[PDB]
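K.L.:
So I've got this experimental structure, pasted below with the sequence.
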Amino acid sequence: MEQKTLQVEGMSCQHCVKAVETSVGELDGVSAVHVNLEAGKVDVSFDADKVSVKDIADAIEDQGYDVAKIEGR
């Protein structure tokens, strides 16, 4: 249950903001998915216990490829 920022790199055209969301949004263990790569932030609260931040980021890579990594605790 950890409110983190999966630092996104904006590399696509328009269909990306949501891709980067939905991926993490698929996780049963997610809680919040405030995607704003345009603002240079994504406030993603997710359950590190069951699915670590890595798993969540890799879940972005399953679809998109716009996940630098967790910027800050």
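P.N.:
Good, I have the coordinates. Residues are numbered from 1 along each chain as shown.
K.L.:
Please count neighbours and contacts with C-alpha atoms only from this point.
P.N.:
Will do.
K.L.:
And the helices in the protein, which stretches?
P.N.:
17-25, 53-61 (DSSP state H).
K.L.:
so which of those gets nearest residue 35?
P.N.:
Closest approach to residue 35 among the helices of the chain (Cα to Cα): helix 17-25, 5.9 Å.
K.L.:
hmm, back to that, quick check: which of the helices of the chain is nearest to residue 5?
P.N.:
helix 53-61 (9.6 Å).
K.L.:
Pull out the buried positions in that closest one.
P.N.:
53, 56-60 (16 or more other Cα atoms under 10 Å).
K.L.:
returning to that earlier point: now for the helices of the chain, which one comes closest to residue 31?
P.N.:
That would be, of the helices of the chain and by Cα to Cα, helix 17-25, which comes in at 8.2 Å.
K.L.:
centre of the chain versus the closest one, how much separation?
P.N.:
7 Å (Cα atoms, centre = their mean, to the nearest Å).
K.L.:
Next, the angle helix 53-61 makes with that helix.
P.N.:
140 degrees (axes from the mean of the first three to the mean of the last three Cα atoms, to 10 degrees).
K.L.:
Name the surrounding residues that touch helix 17-25.
P.N.:
For helix 17-25, the external contacting residues (Cα atoms under 8 Å, 6 or more residues apart in numbering) are 8, 30, 32-37, 56-57, 59-60, 62-64, 66-67.
K.L.:
Narrow these to those that are buried.
P.N.:
So, by 16+ other Cα under 10 Å, the buried ones in those are 8, 30, 32-33, 35-37, 56-57, 59-60, 64, 66-67.
K.L.:
got CSV for these, with distance to residue 1 too?
P.N.:
Below are the buried ones among the contacts of helix 17-25 laid out as CSV (distance: Cα to Cα, whole Å):
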residue, distance to residue 1
8, 20
30, 8
32, 10
33, 13
35, 17
36, 20
37, 22
56, 13
57, 16
59, 17
60, 19
64, 24
66, 22
67, 19
